[PDB]
Amino acid sequence: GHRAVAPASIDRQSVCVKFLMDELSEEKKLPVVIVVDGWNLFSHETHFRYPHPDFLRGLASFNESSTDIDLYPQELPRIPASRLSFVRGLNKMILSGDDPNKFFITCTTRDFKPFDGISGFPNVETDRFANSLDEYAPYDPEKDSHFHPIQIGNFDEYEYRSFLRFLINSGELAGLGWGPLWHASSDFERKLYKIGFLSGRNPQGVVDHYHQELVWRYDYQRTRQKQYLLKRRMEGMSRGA
Amino acid sequence: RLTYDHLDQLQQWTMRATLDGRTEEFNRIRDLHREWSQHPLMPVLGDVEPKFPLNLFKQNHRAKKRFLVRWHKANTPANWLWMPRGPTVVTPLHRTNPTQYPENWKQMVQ
Amino acid sequence: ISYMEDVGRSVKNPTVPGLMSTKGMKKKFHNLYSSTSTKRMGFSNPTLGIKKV
Amino acid sequence: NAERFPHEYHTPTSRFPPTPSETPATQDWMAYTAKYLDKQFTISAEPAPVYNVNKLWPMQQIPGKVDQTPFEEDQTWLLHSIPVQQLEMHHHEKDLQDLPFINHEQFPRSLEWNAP
Amino acid sequence: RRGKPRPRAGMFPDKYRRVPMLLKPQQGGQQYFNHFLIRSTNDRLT
Amino acid sequence: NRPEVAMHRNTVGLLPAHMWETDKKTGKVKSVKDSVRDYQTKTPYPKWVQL
Amino acid sequence: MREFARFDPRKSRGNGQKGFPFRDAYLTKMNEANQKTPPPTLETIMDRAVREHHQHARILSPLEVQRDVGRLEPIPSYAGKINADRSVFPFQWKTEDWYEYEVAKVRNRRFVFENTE
Amino acid sequence: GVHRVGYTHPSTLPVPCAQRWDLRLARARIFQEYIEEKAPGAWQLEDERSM
Amino acid sequence: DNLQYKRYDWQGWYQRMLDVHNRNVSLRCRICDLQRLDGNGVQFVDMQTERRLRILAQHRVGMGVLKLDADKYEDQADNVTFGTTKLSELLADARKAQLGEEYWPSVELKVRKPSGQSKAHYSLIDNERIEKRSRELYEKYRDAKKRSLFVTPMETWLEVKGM
Amino acid sequence: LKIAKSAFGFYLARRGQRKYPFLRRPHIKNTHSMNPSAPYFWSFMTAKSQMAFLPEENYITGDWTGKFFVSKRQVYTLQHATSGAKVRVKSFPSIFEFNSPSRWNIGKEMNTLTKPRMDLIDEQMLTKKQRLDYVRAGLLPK
Amino acid sequence: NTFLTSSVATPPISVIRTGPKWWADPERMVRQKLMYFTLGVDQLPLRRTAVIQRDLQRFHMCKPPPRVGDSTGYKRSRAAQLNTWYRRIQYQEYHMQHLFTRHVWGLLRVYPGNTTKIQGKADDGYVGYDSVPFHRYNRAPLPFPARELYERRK
Amino acid sequence: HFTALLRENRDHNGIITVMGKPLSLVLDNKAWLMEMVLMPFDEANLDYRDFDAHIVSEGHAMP
Amino acid sequence: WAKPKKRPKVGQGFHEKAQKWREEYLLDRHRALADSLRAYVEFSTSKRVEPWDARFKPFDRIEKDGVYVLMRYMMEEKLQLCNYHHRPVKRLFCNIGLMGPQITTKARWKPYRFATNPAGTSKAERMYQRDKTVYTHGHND
Amino acid sequence: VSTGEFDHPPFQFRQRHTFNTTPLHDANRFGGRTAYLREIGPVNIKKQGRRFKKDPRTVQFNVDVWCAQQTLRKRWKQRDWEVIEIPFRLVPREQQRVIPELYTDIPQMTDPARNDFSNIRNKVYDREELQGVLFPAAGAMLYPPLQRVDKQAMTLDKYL
């Protein structure tokens, strides 16, 4: 399937995905786990669009074919993901009964750009979302798929704690963190609490604010601790002398 | 200008590199970092970057910037002697060569 | 003083002299900008302006 | 020969963006598939609710007229023939009180003032 | 300004003149005071 | 057609090449023949106007 | 807030902007994501229970703490009483509804029946 | 996309009801209103700034 | 004007100016008082009469109050006339909902695109015909592949009219 | 104003190089009115629609004894060429005349066929100082 | 990379003087850190910079500590010493960043701004589609279309 | 001009909200902005999770 | 406020000089216009370089694969018909829909003045080598 | 609450490509649309320019149109639905009321009695549950009925 000189790769691949999915549907004895991330992309349309029919009829001159394809851009209906050969295979296995050989443990991506009802133009230099999808369309696992919905939340404090501890400390041990500068940043507890507030315990948020911790301006702790340690040292030198 | 877009591309590249067992570009990068990140030494009293001498040109004059630009153009990072880069330098904070990095771990066992 | 460290000193004058020559430039003082005299009446005191040489 | 040149003859009733000439099978994927790609397809058009479907909404439109729907794909906006404001700009009401800088007022009524 | 020299910095009104003294610098970390007081007293007894 | 929309749809058949005089080498237009003298039109005014 | 307590839609008729309910409380109530409040998460509930059962000292809410070294003050009657539901507070809302609220409230300033029975 | 606007007369339905276009016309009679036929449906734009 | 423009030649045209500036007459009524028994026993304005009323006059309704602003004429007299005319006219039309159901304005529902579960059957449409076909197409492909390196869908099941 | 080129030179101040609100300058002088465009030829400095009627000045409005120059916004018509009559336009110094008819003129305004700022510069209308300055600009030879 | 055009280069000290505005703008420092971290390389120099600058910003409304009269000029000499030290740490950082970014672009198949060096690919500064037809600092003519630094497939 | 409405949450899940949006999104995940809003809960030696705040903009509104 | 000094007299024979200069300025402008319209239409009809930037994707990819495939077999006739002028090229790519959303967002196109060069252009100097006696607004070869 | 750019930055001394600074009409602003406002090169003020392109008011207006477009576009990619006009009798019970037009009354709650408080305007209905209403002609259902998940059923998440 995938070993060929291009262009041949492109059709070989087509034939091959078809017959592969025909192989998997024909096998009843061997456990098969299919894991697809962001199923919600499969249950609606691709961002692809059907080619304007005039690409298919051939042409003489643009002067009079009575044709717009070169004049104005227009939108044609989206090509639903259920018309993708691969997804066609997967769906054919879900919907047909008599295949309890397979288990889809599958997931949803919410990854799209934010839209609040006004949208400016994204500043290209600073943007977190440039690689996100344009979707802006709502999705429910229940009505939009045949799988059984499970709901995942944010970390609770136990998870959150174990996780943050990992990132920070195991980070340092790998030499990826404050290191010799350790006295600059505050101690674990403080960080845990503060990152807690910033992220709201969301995992993506936790990772990100762990990084952004570098720039915290308003944390005073190491300052007052230093001050205290110092004053106690000098009281020790005044008790000695 | 480094864009988040570039960062995500960087991520996919780095992942894909990890999974193909390529240690090379990692080692190039590690060498670069080791060479140029060594902690700059404290300058001796009486060593400061020359200002532009007063009472030469009017305050609003182009000479100022010109002097700055040329002075900095004169000192290239190859000319920075206050940062200790070379084979001579001992680098207490870093690993020396490829052998000592985790992807070599099977040689570290007994 | 933020960020203290134990690092060694560097060599005296690590910096290479700039591409603009400061030497060949003559320092101007009195006539540099233009001023307006607050002198109310009488001949301006010659000792200040003109007297030496 | 006037319709040979699209951008040249514009009456001052004409409006951008110009609407494209129609196409038979285009309205949805099932119909498109049926007429062009695979021609043995059983369903010639996806299920059509007997009651009226308003594709431009809230906007009402004259029935039987060929029309366009607001563009979802940024490209469709940027690559269309929509012009930019070039001359001085005009508002039908606001033209009387001339510019923003000349603000003509007949009477000094409170800007909040409410007609009973 | 115009064909004349710019004044020396101190010839201008204070840059931060409109920002109240409590703000420059901020004294923050008031939370830790009590802690370090009890700490130092316990220490003394030791 | 103006440059904006249809520009590539222009044809060389719009060119009144018989109206001018061309340099063979440059492919450029040197002179213009006289327009008004030999000009014959059945329609000074539109067809539907009778004065 | 008081106004929104006794607010009724059917009373709003024949009034101007006055007929409109207090913005935020209302747009909050309209939000369904707000209709499900989180329970008091596991670490919290355990911790409280430990401290009042095992260690014999009940956790005080910040309003029950005595913060005057010199005085002993009556605990405010709202102390640990008012309960927490996203539906009431803090205010949280969908944007579309917010837009529609605002615009609508500008349009209607002049619709009033002054003369009423 | 590009579609033909359409109208289902109330006699054709398997329950009669008043179509919204009809009402639109009733309104346009009552308060005299110019229906702009060349109005593109793709141009609906709320004015972001003031709205 | 009691002040300046009160007593001299300009008093006339100023006064007139102000009267023509104020010629707006606002005409209000609640839709609660339009629902009452008419002299024939029918309810004058009922639910559907109100639906038809509200869709008829768009922004001319708010807070359950109909408000018509008549500016058309220079003087207030004629604007009460014009206003009453437009009101009785609008009621005339809106009352049509008592003639039968064919005038009850349709409800506008937002009906979702077909859901995912239903969109899945989009891959199984005409299943058999498509499979049995895919074998013959595979044949035409296996044979086309002997001549040339790349086989387009346009050499198989796709038709592009030449001329 | 410094030099009085007209009546108004007595009344008006220049006020330095001074900015006016967009597209409003008190004295309209179209320096750009003849500004060659091949592709834009029909849309530039002309009727915003091809479907508009010619202006007022393409027609005799009333009983006229006659006129000296026709206004500059009068569009050149095929008859302007054919009829062989005096076609005069008020330009500076005095008047411009359409003498040598051509069909390339037709359907444009004589606002467009008359160069407002000429490259020919008389030195008889210039002060010696002015002539010096124009020499600075590399306009006048010297 | 999106911004391709010819550019105007500032000397390092002036770039650093922008302080909280650009050089130390929290956002920018963060995405640099993200770069380093993703490469599996510590950020020491960046961390020194953020320490220095965090402190700079904290105290920016305060007056400098009293200067008592010295014939010796030790307070002057020492505070100056400290100063050029900090300058030098930040030169190390600024350099570091420019370096790693040119390199990381080298791995990402990225085209820089005009007249920029990429260590392994374009030794002489790379140019394509400049306002000027020749290479600016080579004084050599430019080929059309733009020069390609990387092999075709993606 | 902002106006903070502040209440005490007995359930220990607190949240802060600006113009009806979660503080995380409003100040846009920039940490150095949000810590400022955290600060008074620190200086009062309090736990932020015991408090719900919603903040209202009375000044010039902006995206 | 100085009293404005009076403007000197016009000159002699200048009215005829000016009449003449403007007159033949127009008779020249006719060949200017003719030549420029020829140049413009000639430009319109003749072929141009590819408007896309091969330094970005979905274009950098080998000419035997990806986009180019989509171009060779499906779009070719159309692209050659419009002579690769960038406006209809981009518009056709919009309408082909198999790239669909990316044409504006991900993909990248040569700046206006570069995309205007004649087919077979080698060196960038070709931008400044086009005829300057003609008024097409940079729309001439 | 969008972080994008709604405003055309004011004209000043010419901005050139720098750290922290780009040209005013540079390609990267407004998704490239600044192409429309760009006069390239060392412009000669006396002889050359296009006036509207340096004018604050005009430029800003064009930008506001562009922004309006973006927002429109995104609100219309947001829709998965159509508006169908269904006669009063057949329609679900919560719509049997009177529903004032947009911006007319307070935003209205769907069914405050049954515990749904939500905008009726933004209430969206499934094409499956209206099947019998929308396609009476078809006989046998063209869309197969929704499968719903039992909330009382013991499944993986219930720890069973």
# chains A, B, ... in the order shown; residues from 1 in each chain; ligands from 1

$ residues_around --residues "residue 41 of chain B" --least-positions-apart "6" --cutoff "12 Å" --atoms "only C-alpha atoms" --output "list in words"
residues 80, 81, 82, 83, 84 and 85 of chain B; 4, 5, 6, 7, 8, 9, 10, 11, 12 and 14 of chain C; 81, 82, 84, 85, 86, 87, 88, 89 and 92 of chain K

$ residues_around --residues "segment 92-102 of chain G" --least-positions-apart "4" --cutoff "8 Å" --atoms "only C-alpha atoms" --output "PyMOL selection string"
(chain A and resi 116-117) or (chain G and resi 23-24+27-28+30-31+34+86+106) or (chain L and resi 17+19-22) or (chain N and resi 102-103+106-107+119)

$ write_last_selection --atoms "C-alpha atoms" --output "mmCIF file, in the first residue's frame"
data_model
loop_
_atom_site.group_PDB
_atom_site.id
_atom_site.type_symbol
_atom_site.label_atom_id
_atom_site.label_comp_id
_atom_site.auth_asym_id
_atom_site.auth_seq_id
_atom_site.Cartn_x
_atom_site.Cartn_y
_atom_site.Cartn_z
ATOM 1 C CA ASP A 116 -17.498 35.107 21.267
ATOM 2 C CA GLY A 117 -19.720 37.010 18.835
ATOM 3 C CA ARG G 23 -29.345 42.135 33.720
ATOM 4 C CA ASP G 24 -26.832 39.761 35.180
ATOM 5 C CA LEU G 27 -28.852 36.203 31.945
ATOM 6 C CA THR G 28 -27.320 33.918 34.554
ATOM 7 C CA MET G 30 -31.028 31.666 31.539
ATOM 8 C CA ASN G 31 -27.794 29.743 31.323
ATOM 9 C CA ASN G 34 -25.057 27.218 35.353
ATOM 10 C CA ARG G 86 -24.021 28.643 39.836
ATOM 11 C CA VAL G 106 -31.954 50.216 24.102
ATOM 12 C CA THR L 17 -15.948 35.950 36.647
ATOM 13 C CA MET L 19 -18.708 40.389 32.522
ATOM 14 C CA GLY L 20 -20.166 36.892 32.775
ATOM 15 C CA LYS L 21 -17.036 35.155 31.505
ATOM 16 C CA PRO L 22 -14.555 33.024 33.501
ATOM 17 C CA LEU N 102 -36.111 40.009 18.018
ATOM 18 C CA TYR N 103 -35.161 42.922 20.294
ATOM 19 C CA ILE N 106 -37.010 40.843 27.325
ATOM 20 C CA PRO N 107 -35.129 37.796 26.068
ATOM 21 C CA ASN N 119 -33.652 31.286 25.027
#

$ closest_atom_pairs --of "chain H" --to "segment 14-35 of chain D" --cutoff "7 Å" --atoms "only C-alpha atoms" --output "CSV"
residue,atom,partner,partner_atom,distance
H:2,CA,D:22,CA,6.8
H:3,CA,D:27,CA,6.3
H:38,CA,D:15,CA,6.6
H:39,CA,D:15,CA,6.9
H:40,CA,D:15,CA,7.0

$ interface_residues --of "chain I" --to "chain D" --cutoff "9 Å" --atoms "only C-alpha atoms" --output "number ranges by chain"
I: 24-26, 125-126, 129, 157-159

$ atom_distance --atom1 "atom CA of residue 116 of chain J" --atom2 "atom CA of residue 19 of chain F"
28.2 Å

$ select_by_dssp --residues "chain E" --states "helix (DSSP H, G or I)" --output "PyMOL selection string"
chain E and resi 9-11+21-23+33-45

$ write_last_selection --atoms "N, CA and C atoms" --output "PDB file, in the first residue's frame"
ATOM      1  N   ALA E   9      17.460  66.109  33.541  1.00  0.00           N
ATOM      2  CA  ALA E   9      16.325  65.294  33.999  1.00  0.00           C
ATOM      3  C   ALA E   9      15.588  65.828  35.226  1.00  0.00           C
ATOM      4  N   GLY E  10      16.336  66.401  36.153  1.00  0.00           N
ATOM      5  CA  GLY E  10      15.776  66.823  37.415  1.00  0.00           C
ATOM      6  C   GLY E  10      15.053  68.133  37.277  1.00  0.00           C
ATOM      7  N   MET E  11      15.093  68.699  36.080  1.00  0.00           N
ATOM      8  CA  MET E  11      14.430  69.969  35.836  1.00  0.00           C
ATOM      9  C   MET E  11      12.955  69.781  35.500  1.00  0.00           C
ATOM     10  N   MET E  21       2.709  57.051  47.489  1.00  0.00           N
ATOM     11  CA  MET E  21       3.919  56.483  48.093  1.00  0.00           C
ATOM     12  C   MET E  21       3.832  55.008  48.464  1.00  0.00           C
ATOM     13  N   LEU E  22       2.661  54.592  48.919  1.00  0.00           N
ATOM     14  CA  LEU E  22       2.428  53.204  49.252  1.00  0.00           C
ATOM     15  C   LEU E  22       2.715  52.277  48.082  1.00  0.00           C
ATOM     16  N   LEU E  23       2.576  52.792  46.870  1.00  0.00           N
ATOM     17  CA  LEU E  23       2.749  51.979  45.676  1.00  0.00           C
ATOM     18  C   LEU E  23       4.199  51.765  45.239  1.00  0.00           C
ATOM     19  N   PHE E  33       4.221  37.780  57.552  1.00  0.00           N
ATOM     20  CA  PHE E  33       4.747  38.451  58.733  1.00  0.00           C
ATOM     21  C   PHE E  33       4.504  37.640  59.991  1.00  0.00           C
ATOM     22  N   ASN E  34       3.230  37.428  60.295  1.00  0.00           N
ATOM     23  CA  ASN E  34       2.838  36.666  61.473  1.00  0.00           C
ATOM     24  C   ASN E  34       3.580  35.336  61.587  1.00  0.00           C
ATOM     25  N   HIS E  35       3.606  34.606  60.478  1.00  0.00           N
ATOM     26  CA  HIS E  35       4.310  33.336  60.398  1.00  0.00           C
ATOM     27  C   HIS E  35       5.762  33.456  60.848  1.00  0.00           C
ATOM     28  N   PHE E  36       6.454  34.473  60.342  1.00  0.00           N
ATOM     29  CA  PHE E  36       7.878  34.632  60.653  1.00  0.00           C
ATOM     30  C   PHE E  36       8.139  35.174  62.050  1.00  0.00           C
ATOM     31  N   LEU E  37       7.125  35.805  62.625  1.00  0.00           N
ATOM     32  CA  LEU E  37       7.176  36.245  64.020  1.00  0.00           C
ATOM     33  C   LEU E  37       7.084  35.086  65.010  1.00  0.00           C
ATOM     34  N   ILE E  38       6.049  34.263  64.836  1.00  0.00           N
ATOM     35  CA  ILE E  38       5.888  33.066  65.662  1.00  0.00           C
ATOM     36  C   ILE E  38       7.131  32.200  65.521  1.00  0.00           C
ATOM     37  N   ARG E  39       7.562  32.044  64.273  1.00  0.00           N
ATOM     38  CA  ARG E  39       8.785  31.318  63.963  1.00  0.00           C
ATOM     39  C   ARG E  39       9.978  31.792  64.775  1.00  0.00           C
ATOM     40  N   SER E  40      10.248  33.091  64.720  1.00  0.00           N
ATOM     41  CA  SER E  40      11.394  33.621  65.448  1.00  0.00           C
ATOM     42  C   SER E  40      11.257  33.467  66.974  1.00  0.00           C
ATOM     43  N   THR E  41      10.032  33.500  67.499  1.00  0.00           N
ATOM     44  CA  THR E  41       9.862  33.343  68.952  1.00  0.00           C
ATOM     45  C   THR E  41      10.125  31.902  69.438  1.00  0.00           C
ATOM     46  N   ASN E  42       9.500  30.958  68.745  1.00  0.00           N
ATOM     47  CA  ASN E  42       9.779  29.543  68.924  1.00  0.00           C
ATOM     48  C   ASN E  42      11.294  29.247  68.846  1.00  0.00           C
ATOM     49  N   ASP E  43      11.941  29.785  67.808  1.00  0.00           N
ATOM     50  CA  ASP E  43      13.404  29.722  67.678  1.00  0.00           C
ATOM     51  C   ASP E  43      14.137  30.181  68.930  1.00  0.00           C
ATOM     52  N   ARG E  44      13.812  31.387  69.385  1.00  0.00           N
ATOM     53  CA  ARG E  44      14.389  31.910  70.612  1.00  0.00           C
ATOM     54  C   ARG E  44      14.310  30.946  71.786  1.00  0.00           C
ATOM     55  N   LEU E  45      13.143  30.339  71.964  1.00  0.00           N
ATOM     56  CA  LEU E  45      12.986  29.434  73.093  1.00  0.00           C
ATOM     57  C   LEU E  45      13.911  28.245  72.942  1.00  0.00           C
TER      58      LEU E  45
END

$ interface_residues --of "chain L" --to "chain N" --cutoff "10 Å" --atoms "only C-alpha atoms" --output "PyMOL selection string"
chain L and resi 19+21+25-28+62-63

$ residues_around --residues "residue 57 of chain K" --least-positions-apart "2" --cutoff "12 Å" --atoms "only C-alpha atoms" --output "ChimeraX atom specification"
/A:215-218 /C:2 /E:24-26 /K:18-21,24-26,50-55,59-62

$ interface_residues --of "chain A" --to "chain B" --cutoff "9 Å" --atoms "only C-alpha atoms" --output "list in words"
residues 124, 125, 126, 127, 128, 129, 130, 131, 175 and 180 of chain A

$ write_last_selection --atoms "C-alpha atoms" --output "CSV table (one decimal), in the first residue's frame"
chain,number,residue,atom,x,y,z
A,124,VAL,CA,-0.3,36.6,13.6
A,125,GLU,CA,2.8,37.3,15.7
A,126,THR,CA,1.0,36.5,19.0
A,127,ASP,CA,-1.6,33.7,18.6
A,128,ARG,CA,-2.2,30.5,20.6
A,129,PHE,CA,-4.8,29.2,18.2
A,130,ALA,CA,-3.4,29.4,14.6
A,131,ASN,CA,-3.2,25.5,14.4
A,175,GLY,CA,17.7,19.8,34.4
A,180,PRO,CA,20.9,26.7,40.5

$ atom_distance --atom1 "atom CA of residue 8 of chain N" --atom2 "atom CA of residue 130 of chain K"
25.6 Å
